[PDB]
């Protein structure tokens, strides 16, 4: 029985991974993870049900591959081994990340390897990162670093954030993922080039499944799948901008505790994820109860006087009352959408009418229909929204011009902060 036959006959792809939202994570709206979503599509490619396990550190993640009847593979942001170990093989690389030395902003800035001398440095035991340090320890015998079997990447970055350690080494993708929680963490320099992540399979000369893993990854590159997962999980800095990423991290820690309770009480009955609600909060005013603009909206959820009036808001500037009116208002809109629009697409169309309004959203829906697209599918109608700002297109709508691009930004961002709060 080949490695490939066995999975096909067992009806199940056994995959091992780390506990982390980079890799695999369990929440209310189901499971998520770069690696999970990817290995999930691989089990789908083969006709099989995926089953996820977790190791407690990386020596034990690699161990399980040697166990009898253990995991088919490890999908875990692993980057291949620089030396020779017969007990493990690696797929083609599926993502270019750069190891980077991480420091606390405003502290002494290391700029070359020498500078890592005489610093408290922590790293994961069994990591490629650990191994890049040993190699430099040959060059620099005075180098000290701690190898830890207990902590994960998120813990290493926390430590640098608040100064229990000076430095760590981590791949740039997970740094960017984590930049929205640790406002003081910064990239000291690049300690190498964009070596790639690969999945690990037990050692051997059987390739039945390895060729398929490699065929799947080459297909995934062909269709943009890795690029899309990269943006969802690892593109916070890329998408939100550096300044947006760390300030968000500041606001998570300094502003959200003041309102979280209210976000949660509104969620409870409205059966609406409070974290979705807070995300609207964050996009609307960066969790600033007292915020006003020059365009007719005040408060935490940026309400008009007429909405505040209809939702029974006494004081648009009171955090609780703004959240309540603004949360009630999202659900009123969600509820007014045609019956034909289904979750989860429903919630995303509701985010968009929340920014642009029902009339205009209807026109982009109608526009999707005329173009042969599905007006009940969000990815379909999101392609039309921008067009509401285009001459040839708005002049054909009942309600004309609208800032559809702003509206697409509004939903992408809220969906990203939603992810972020889910990933805390």
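Numbering follows the first chain given and starts at 1.
K.L.:
Should the higher mean CA B-factor in the entry be assigned to 323-331 or to 305-313?
P.N.:
Per the PDB record, 305-313.
K.L.:
Do the C-alpha atoms of 191-199 or of 140-148 have the higher average B factor in the entry?
P.N.:
The deposited B-factors put 191-199 ahead on the C-alpha mean.
K.L.:
Out of 76, 352, 270, 176, which shows the largest CA B-factor listed in the entry?
P.N.:
Within the set 76, 352, 270, 176, 270 shows the top C-alpha B-factor.
K.L.:
Among 284, 166, 231, 114, which residue carries the highest C-alpha B-factor recorded in the PDB entry?
P.N.:
That would be 114, according to the entry.
K.L.:
Sorting the chain's CA B-factors, does residue 69 end up in the lowest, middle or highest third?
P.N.:
Its C-alpha B-factor belongs to the highest third of this chain's values.
K.L.:
Quick one: classify residue 263 as lowest, middle or highest third of the chain based on its Cα B-factor.
P.N.:
According to the entry, residue 263 has a C-alpha B-factor in the chain's lowest third.
K.L.:
Quick check on the deposited entry: does the C-alpha B-factor of residue 235 sit in the lowest, middle or highest third of its chain?
P.N.:
As the PDB entry reports it, the C-alpha B-factor of residue 235 lands in the lowest third of its chain.
K.L.:
Residue 58's Cα B-factor: lowest, middle or highest third of the chain?
P.N.:
Ranked within chain, residue 58 CA B lands in the highest tercile.
K.L.:
Should residue 26 be placed in the lowest, middle or highest third of its chain by the C-alpha B factor in the entry?
P.N.:
Within its chain, residue 26 is a highest-third residue by C-alpha B-factor, going by the deposited values.
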